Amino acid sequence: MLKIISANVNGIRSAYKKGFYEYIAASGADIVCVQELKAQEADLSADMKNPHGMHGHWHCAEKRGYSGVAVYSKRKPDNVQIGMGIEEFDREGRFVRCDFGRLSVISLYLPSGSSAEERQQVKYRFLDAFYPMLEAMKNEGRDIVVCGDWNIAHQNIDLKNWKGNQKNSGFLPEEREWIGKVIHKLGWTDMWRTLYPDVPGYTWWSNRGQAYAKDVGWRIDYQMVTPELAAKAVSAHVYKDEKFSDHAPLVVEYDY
């Protein structure tokens, strides 16, 4: 079985302090995509780059303690791509791609827009620039999984408070419609939603109020999968036995 895990660690050093390093191994995952390193290459221990002897490739932000993504894998990728190809976004380390034969896995951290209008601007530009990348990827004819924090919930079932967030970044009409475009127009599969029609599967909870304990959550972490591979997915779960981050790791198993 091919087990792929996507986890926004909200700072990899912190997450390692909260037992994520042991989780990497215990999970028995073949590939682990992570977002929000909140660290630069110089700030990472070897175990944060090649955990348990896994291969690892990362893209770090230019500003310190900020963003960054990585892909860890037991198997050696025969090819690796660092960044999307657009300076504006690559400055923040939000895209890594690893190839393994006909399979490719991407670790993606899509910009949040809840901080300032400018950031929502950046996010929209990101959507514009990324859509065609997804189109081309879809057009390669290979098995591609885009793991990561898309920072966008699709439908009402994807977050507890859906009515009151229709005006907040993450659930704006244009965002939802963009995700819908990625799915129904481009043909990508939202693996969780397809595997489990009625299961909300929240993957994030705000630090405000008692959101976590109350399970007032959002499903903004995805594995977006190409058709042939999507058809092979057998199960998935959101790991909550331990809390490494404000996000929970999303685990999918594929009968490859």
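Position 1 is the first residue in the sequence shown; the rest follow in order.
- Relative to one another, 124-132 and 67-75 have unequal mean CA B-factors, and 124-132 is the one with the higher figure.
- Mean CA B-factor, 168-176 versus 139-147: the higher value falls on 168-176.
- Highest CA B-factor among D47, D30, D221, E62, as stated in the entry: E62.
- The PDB entry assigns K232 a C-alpha temperature factor belonging to the middle third of its chain's modelled residues.
- Sorting the modelled residues of the chain by their CA temperature factor places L2 in the middle third.
- Per the PDB record, residue ranking by Cα B-factor puts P51 in the lowest third of the chain.
- In the deposited entry, the Cα temperature factor of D158 places it in the middle third of its chain's modelled residues.
- In the PDB entry, a CA B factor belonging to the middle third of its chain's modelled residues is recorded for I152.
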